[PDB]
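Below you will find one chain, with nothing else, as structure tokens; this is the form deposited in one PDB entry, and questions on how it binds or moves follow later.
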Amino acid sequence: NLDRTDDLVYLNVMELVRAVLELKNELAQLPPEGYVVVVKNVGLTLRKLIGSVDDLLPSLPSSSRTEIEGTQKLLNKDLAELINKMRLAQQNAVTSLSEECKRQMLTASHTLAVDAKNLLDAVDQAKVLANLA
């Protein structure tokens, strides 16, 4: 089917989605310090992802290029939101509202992982239409 051999966009989407699933399982049992770290890795994998998307762009149909650049900005918003919720989680670590901002962290990072997965499909789609065009 698909050859992922030198496919960094693929690699970084997977690394990111993995990092999100890690947070999802660990958020329950991590002190405030412990999730700061996992979100920081989510940040890093994302900037790697965005990076490898940038290097790939020039080589696609303009239509796709424009759309993908759009989802890049969206991915960053998703990260901005995740960090927001992590801050809430932190200042509410001893309040009855602790549990809810852990739920919103999981939501935020879940929508980020999904948007990354959606981008992989868009990129894969674009690579194919490039072959056709």
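Residue numbers here begin at 1 and follow the sequence given.
The form deposited with a partner chain bound is left out here; the points below concern that form.
Proximity of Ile50 to its partner chain in the entry with it bound falls within the 4.5 Å heavy atom cutoff.
Proximity of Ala89 to its partner chain in the entry with it bound falls outside the 4.5 Å heavy atom cutoff. Contact between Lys40 and its partner chain in the entry with it bound is found at the 4.5 Å heavy atom cutoff.
With a 4.5 Å cutoff on heavy atoms, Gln104 does not count as touching its partner chain in the entry with it bound; it lies far away.
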